[PDB]
Each structure stands twice: as C-alpha cells, then as structure tokens.
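Chains as they are written, first to last, in PDB author numbering: chain A, 4 to 39, 48 to 187, 200 to 352, 354 to 516, 522 to 536; chain B, 5 to 38, 48 to 187, 200 to 351, 354 to 516, 522 to 537.
Structure representation (structure tokens):
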C-alpha cells in the first residue's frame, strides 16, 4: 500500500546529487559523514539543478555565496524504495516495522535490507521532491552512506562570478521560453548606463529642478514621473522607451511608485548590508514594472533591455531618496543594483521551470474579479475511446460584489463528443440550476442558466459539464479546434472570458 | 458503489416534487409519465423542490407553481449511490449492460436483491455540490403507487413576481434575509413618485440635455443627479449607509444606470423575461443591492426601497442621454431588478463556506490562496505525532511576494515541525526559518525570495508536531486561521486560511 512499485527499482552504480554549502565543496568529497528523527539521514536528489538550490550560505540565504553540487554513487546494487506517504508512523505500522526505533535507523539494518532490498546491498528511500516538481528526494541511512563515492559536478565559487550568477546560470541550463541571460554583460551595461545618464544634460537639468528635501509622497511621485519622462528621452534608454510605452504595468508612474517605495523602507542600517537590502526589497509590490513581467510573460528578456530598466530604476531611487527618505547617499548604484539583480534571477528562474498555466489542471484562472478552476486534475481531462458519459466540475467565484455568469461555451465533435443537456447544470451555494443549451455551430454549444447566476464573496458556483460520446472511436487533434471551455462572465458588446483548459486522453 | 451508511428502509417514505404552474392540482391525482435515468425526480428538501416550480418558458421571471409531497405506502428501500454513472453502476452491481438502469430499478428481481424486503427501491444521489440534500429517482411504474398531497401552491398566495417562492425559500433560515417584498414594492412606488415632484430634482431634470450625448458626459450629469437626489429626505437613510463604502458611491449608480440604458431597447423593455435576461448579465449590481465584502448591507425594507427608487430615477434619466425608447424605469426595470435582488439574497441565506474555509479560495490584493483539499484545512487532534497541510498560492498578474506565514502553536501540544515545513514555487523547494513570536504564534520566513503571479504558483506545506495525545480544547487556540503574509504596504497583505480542530475518525 505505502510502496509505489512503479517508482521502485534496483540499480547498479545508483547516482544522486547533493547541494553543498560554501566551505564544504572540497571536504565533502572525502566521504559522507554525519555531523557532530525518523528522518535523520543524508539527503540527495535525482535533479542536480534542484541540488544547486540547497547550496547557498546558510547565514545569508537570500544573498550569500553558493557552494556547489556533488554527485554521490553507491557501488554495486542499490534498492530505491519509493514511498507513497511521508508520515513515518503510517510507514512503520504498514510495513510491520517496530514503531519505536526511528524509521531511518531501521532502513539501515540488515533485517530491513533483506525484507525490502531484493538482493541489493542497501535501501534508499524515494519521495516526491515537492509539489509542482517531478524530481525525487532520496533519504540515505548515514551509516550506509559511508559507502558512497563523491565527485564534483560543479563548484559555483570556482567560477568566480558576482553575486549568485553562477548558480542561476547553472540552473538555466535546465531549459537549455528559456531565459538564459549573460548577467556579466547586464551588470557591465548597467554600470555604463547609470554613469552615462547621470552625466547627461537634461538629466542634470532635471536633477537641478529637484526639491532635494523631504517632501510628501505626492510631489515626489509627480517629480519622479517627470524625471522618468526626461530620463527616457536619453538614447541609452531608447529601446526601453519603446517596449514600455503601451502596457500600463511599465509606465513611468509605476517606476515612480517603485522608487518611492524603495526609498521609504531603506534606512542606513539596511542599505549597509546586501542581505538586509534584499530582504527589505523582496517584500515590496510592483517589482513587475521594472522586471518587465506581466500577463504570464517575461517581456524584458534581452541583456540590453534589462540593463536599461535596472539603470533607469537605479536613477529614480537615487532621486527618490532625498524626497521621501531618511537616507543620505550611493546605495542606489551599488547595493540596490546587486539586490534587484538577485530578485530578477529568482523570478526568471520561476518562469523557466515547467509549470501549469492559469486554467490548466487545478491552477486558478483569475480575470475581471472572477476566479475559476477545475475541481480536480481528472475533471480537466476529457477521456476518449469509449461510448458513454463523463462529468466535469468547474469551480467559480469572485472576489467581492456579485458578478454574473452568463453561460458556458463547450466543445463538440460530430458523433464523438456531445453535451449531455440533461446532466449539465450549475449550482450556486447548493441551489441547483438547469441550463438551456443551444449549438452555435457544429463545434461549439452555448449553455445558459435558466435562472440568474451570481458569484462573489461568500457565493460560489460549481459548473457541472456532462459529455456524451455516441461512438467509441477516439478523438484525434484534427477534430477539436478549442482546447478550452469558455465560461462567460458579465457583458461590457463583449463578455468577460474565463477559460478552463482541457486535455484529451485515452484510459 | 452503494453507500450503505446513506441507505435505509422506511415506512411511509416521503419526498417533495417541484411542480410547474398548471399542474399543481392535476399532479395530485397520481404520478404518471407524460434513457438510463428516465424516471420521476423528487428531493428530501422542500425548498430545493421549490426551485423546480417555475414556468419552463419564462424560467428567469415566470410564475412559480407549487411543491407537493409524495408518499409510498408500506416499506421503501432508499438505495444511495456513490456515483452517477449508470454504466459503472450496471457493471459493479452485476446487471444487464443493455437494459436502462431505471427500468431495471423497477423490476421485481432488482427489488429482491436490493430492497431488503421493501416493496420497491428508490435511488438516492447527492443533490448538488455545496448542498446536503439528496435527489430521489423513482421508477415511473412504481411511482404510480405514490399518494400526492400539496405542500404549497405559490399561485394561491396571490403575490407579485416570484415573491411567494422566495418568501417560502427564506423559511429555511428563519443572517437570514427575510424581507417583505410587498412592503418594498409599496415603499418603492411611493418614493419614485415622491421624488419625481421634488423641487431641486425637477430642476435637475430641467438641466438634462434630454438628447443623446457622450457616455463620459452622461456619467457627469447622472453623478450630479445622484448627489441632488440623495438630499431628498425619503432617501436620507440611504445617504447615510452609502456614504463611506466606495462600492455604493454615486459614480457606481451612474455606471449602473448608464449600462442599463445601453442594453434596453424597445423590444426588450416590453417583455419582463427579456429585461431580466439582459439585466442579469451586467456588472455592478452590488452597488444598488448594497452587497460587498461578503455581506448584504441593505437588509431592511426601507433601505432597499430607497436604493431601488434611486436607481429607477437614475435609469429614467439615463435613457434619453444614452438610450433608445420611451416608462421602462418604473415598470419592468423595477420588477426585474427586484427578482435579481431575491436571487442574490437567497444565495446569501444558503449555507456556504466562506473564503478561506475548506477549499474555497481567499481572494485579496491580487492573490488567490486556498487549502489544497478539505482534509488539509483540518488539524486533527487526540494523538502524538505529525500532520502535513498544503496551501495553494498564486496571484493574478505581476510578481507579488510572499513574506511568510503566521502559524498557531500550543505550549506542549502543538508545535511547528521546522524541518518538514517548506514552500515550493513552480517546484523549487524553499526551506523556511521559523521563529516563535509568542507562545501561541510562530512566524516562518522563506530562506529564498518567494514570488507568485500569472504562471507562477506556490505550495506552502505546513507540518505540525504534537507531543501529547491530549486533545486541543477551543480554549488553547486563539486564532482559527493561518496567516499567509504578502507584500508590505507598515503592514503586510493578510491572506487567511481558516482551519477546524477535529478528533481522529
């Protein structure tokens, strides 16, 4: 019951990876030893890029140096025992172990290695590494881990790069879409741009026109938006001017709101220390405006445009420190650039990692105040290759006032996929509402509720979509245009569009 | 597939059937039919049955018929099913995969194997998500045995609109919006008339271009009208209760009235069902209804009448500026909006989990957070050992931070397992540094920056350790929620996931 046989195997020269903190990259290669409770043991993973994320200075985890990644290998045969649950008690009861001795102590006995090892010399436990990941984590008994041989995958400190660039440049190989930026180039171009802009003519003439004394947030954002406009005319920011001109997330006013907000929270104690600056910056809103990240996309994905945005942000913080600050320099050009760069790398890394987009599987689709999601993963799958019925639950609510649900657009395929008009319905806080379904064309049925549906704070709906298949012939991608069910919200003549994405699969 | 805990035998088994206008008296002569689920449908909940009683040709606005109670004499087996897929049911319960399920249900061999001696079988299924009622599926021929008596005839109450049905449905709650819609209709007609002759308002209709204009100007005139109309003393209470919350501001009544006049043409204003279908798809109705932040604020007949009267006048004023017709404002507009009021009020009277409870999302400041599963939202007690709990987190557009999480602790009983507690961002696992704030609250910060946004989500895994098999008593626990902290504005955006303490089962 608790062992997943599909994830269990025996293997010769079983290898795994271990992230190593600075100062241990070379010592750990002399053998795994325990330092001077069911889960006490040596930890590793099958994904060396996830290993790399355990490698940062423990005293300065936000900003410190990354150590390395090493590869550990068991001689001979090793049993990888994948467990379906991470509760040790549940595991010891259901495997007939002694519920007293720790779980990882027993994993290392000869008696356990016989009952579960399949002839191998040792057992390693395997568990899901994390939600949203396909990696595994391996738990090794410490005594058994003395057999491991340890060699080097990478030493980030040996690369001799600034900040955490080496670690994140390594992690970006995972997707070698992919944001793979040369952060040496970006730093150098950033330094050059701040210098060449502080020594401009109208920028000089716009720093001349500055209150240069603690005024209210209002005059500050006004002057800062002015500065922004003036600074954006320089030819070293001309591409930035172009990619930030339409999307309102990238407007002067958000740069100004960013720079004001930075100056409010950065005092001298903080500005004096990189780790403290990064923590402070890392809890601010609006970092999307300077990163160029909006609508599910990293728009600023070239070294040149990123350097421009960071330089422009560097200037505006410099200008915002006297107007709404207790601080008295400099920070804008050094620790603020270091720190923001680190936050860039963090978010870029997130966007490079495989992830389900809004409205896919059980990820919510957030739009116009609505929140909609497939109730479970299986609901988002339209199974094919049988005659008969399926049902699919979509959750719907909204953030505050009552917003309508006008209906739902559903996919159909002549002969293979039909809306079951009798089982399809929508339920609002348990009130069950029937639907009037009408084909738009041969591929789309529109279903509208027979009484008004509203959702809002405290009011939710479950839309239950029922499909009927009149043939057992499978569906091929030729036949389906849409890959989404369109839930329609309020009308503005257009309807707000809430999309739930499905995949067609066999059993 | 049979849930034996919901299955029983009963003498004089009774249930309710919603009945559409025209058949209230006809149906009491006996249940007669006019594929796997062909059959007669009833429910254990007579207020849910009432929702089936509306004219099938004007389901939005039509007249409501009634509810009857049907009773089987002798013994009835209620067979509750764990699935509503007939194929799966016919396979697991060894039946002809050929014959319809509800035909087999009414055969003597079915009644032998499953009836427990009872004369006939009724199938029971969950009525709906978010509901605790059941639907009963009766074999048609077996249903001929039913005696049928009248629970209520909404048409006999002689009331306007769907008032009688919704007034019936409000009994389920005896917190309960139970409004007298007769009174609200009377007070509403009275105020529209009594505002139409006012001095300043008559003179604020004087200054109306009474000719098509730009929407941007239309809203300026109507916000003007709104301010002037709100000084009338028949609206004095409305002025007080709408003065602070920006959902209830004049600009929002103006947007409502403008959007109304845009979609009502002559064909539409002359037919109540078509008015209601058109009004029902507009945004902003919460401004008129006084509904915001999870609460029905306008919950008195007087204040609802005031709000509906004012909206009516403003619609009246917005049709010449932005519209195409005559009268609508005081006739079909009022009837239709009243029905939309009753729909939403009924939703708020029904039992429902609030945001952040069970798997209902908590939507705040652009974030969306929820418990992954119902069981995650329960902290079990009465044992020594561990539990884990998953919270989903994302945000609507740009990257927003997650600063940390506030967790409950109990000196000696409930502690944060700092090794297993972590947060994972698109699969990147991030350890946490946890530090007690007092004896009752721990604060865990992620050791790398966490951001969520469109396409970037997080799973917060909270693990709890109990060093005592003694149960937690409501006393020991101050909060009923886990506090996830977002961005700093000096305060953090507060995202609340509410839990319940329960013993093992």
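Backbone N, C-alpha and C fix where the C-beta goes; we use that ideal spot for every residue, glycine too.
Residue i - DSSP class collapsed to helix/strand/coil
| i | result |
| --- | --- |
| residue 181 of chain B | helix |
| residue 515 of chain B | strand |
| residue 249 of chain A | helix |
| residue 186 of chain A | helix |
| residue 375 of chain B | helix |
| residue 311 of chain B | helix |
| residue 292 of chain B | helix |
| residue 203 of chain B | coil |
| residue 61 of chain A | helix |
| residue 66 of chain A | coil |
| residue 176 of chain A | helix |
| residue 361 of chain A | helix |
| residue 56 of chain B | strand |
| residue 297 of chain A | helix |
| residue 142 of chain B | coil |
| residue 321 of chain B | strand |
| residue 389 of chain A | strand |
| residue 102 of chain B | helix |
| residue 168 of chain B | helix |
Rounded C-alpha distance that separates residue i from residue j
| i | j | result |
| --- | --- | --- |
| residue 480 of chain B | residue 101 of chain B | 41 Å |
| residue 375 of chain A | residue 441 of chain A | 35 Å |
| residue 325 of chain A | residue 208 of chain A | 10 Å |
| residue 170 of chain B | residue 432 of chain A | 36 Å |
| residue 533 of chain B | residue 391 of chain B | 25 Å |
| residue 185 of chain B | residue 408 of chain A | 43 Å |
| residue 237 of chain B | residue 245 of chain B | 14 Å |
| residue 526 of chain A | residue 29 of chain B | 44 Å |
| residue 68 of chain A | residue 211 of chain A | 25 Å |
| residue 338 of chain B | residue 371 of chain B | 22 Å |
| residue 497 of chain A | residue 386 of chain A | 28 Å |
| residue 138 of chain A | residue 180 of chain A | 27 Å |
| residue 156 of chain B | residue 53 of chain B | 7 Å |
Paired residues, beta bridge with residue i - DSSP
| i | result |
| --- | --- |
| residue 533 of chain B | B:406 |
| residue 19 of chain B | B:83 |
| residue 441 of chain B | B:437 and B:493 |
| residue 427 of chain A | A:479 |
| residue 12 of chain B | B:91 |
| residue 398 of chain A | A:418 |
| residue 24 of chain B | Residue 24 of chain B pairs with nothing; no bridge assigned. |
| residue 472 of chain B | B:460 |
Unbroken alpha helix (DSSP H) run spanning residue i, endpoints
| i | result |
| --- | --- |
| residue 275 of chain A | 275 to 288 |
| residue 114 of chain B | 114 to 118 |
| residue 259 of chain B | Run containing residue 259 of chain B: none; DSSP gives neither H nor E here. |
| residue 228 of chain B | 224 to 231 |
| residue 206 of chain B | 206 to 221 |
| residue 344 of chain A | 326 to 346 |
Residue i, enclosing beta strand (DSSP E) - first and last residue
| i | result |
| --- | --- |
| residue 421 of chain B | 412 to 422 |
| residue 90 of chain A | 88 to 93 |
| residue 148 of chain B | 147 to 151 |
| residue 138 of chain A | 134 to 139 |
| residue 504 of chain B | Premise fails: residue 504 of chain B is in no beta strand (DSSP E) and is neither H nor E. |
Beta-carbon gap between residue i and residue j smaller than 9 Å
| i | j | result |
| --- | --- | --- |
| residue 217 of chain B | residue 250 of chain B | no |
| residue 457 of chain B | residue 477 of chain B | yes |
| residue 342 of chain B | residue 247 of chain B | yes |
| residue 13 of chain A | residue 106 of chain A | no |
| residue 364 of chain B | residue 351 of chain B | no |
| residue 87 of chain A | residue 22 of chain A | no |
| residue 505 of chain A | residue 467 of chain A | yes |
| residue 322 of chain A | residue 389 of chain A | no |
| residue 384 of chain B | residue 404 of chain B | yes |
| residue 483 of chain B | residue 524 of chain B | no |
| residue 90 of chain B | residue 161 of chain B | no |
| residue 136 of chain B | residue 82 of chain B | no |
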